[PDB]
């Protein structure tokens, strides 16, 4: 549909909120209030970015194109990160959801040993609109069944693919979490243990991840360890309303090349 530039322009406006650094266990370490102005110039052929943060100098950037490590969906949602991973290029990147007057942008940061080191949660509302903070995410907010659709877009900008999704999450008896996720023709069903704000999947070679539950209905799903010659998936989620959730997945092949980005929108059944 829209060109990538036109998708990017969906973000124009004044986004107020904060940039918040969390530990890999979900502890708030540092938060700084922010105002990010994205304005179009010269018939929207240039975008000027003015990022003001409390106690910091302004950052001003101007863009005449998007590409590289960025891909956008038609509603302006996007992901940013590295194109090619390797010895000095740590895993990480940003998943950025746009919805009405809000953005929720989640950055994951991995260390040199391939372990999650920190996250940044950027919760933004349009200037003059409500803060509209969602509740801290709880397991109980997710239990049940979810159904929806996913769009996968590609770096070569070959045509998008569309898939059906199902997500079922239930406690077993036991008190462990059972999660069954369908994505097109693929279903993966795995049990997890819950330890506070972290859900741990460590049994199945197809699901070696920690899920961290965060403020504003956010979640981050992280590889337990970034391994050589394995494909990698950076994932975040946002429970936008009690019965509406999006998930975003930035996908890397086992050569460490970024290949695609997927946005799932699902509703509670």
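Positions refer to the first chain, counted from 1.
- Averaged over Cα atoms, the B-factor as recorded in the entry is higher for 59-67 than for the other of 237-245 and 59-67.
- Mean CA B-factor, 211-219 versus 50-58: the higher value falls on 50-58.
- In the deposited entry, the Cα temperature factor of residue 34 places it in the lowest third of its chain's modelled residues.
- Among the modelled residues of its chain, residue 200 has a C-alpha B-factor that falls in the lowest third, as given in the PDB entry.
- Among all modelled residues in this chain, the alpha-carbon of residue 17 has a temperature factor (C-alpha) in the lowest third.
- Ranked within its chain, residue 105 lands in the middle third, by CA B factor from the PDB record.
- The entry lists a Cα temperature factor for residue 141 that places it in the middle third of the chain's modelled residues.
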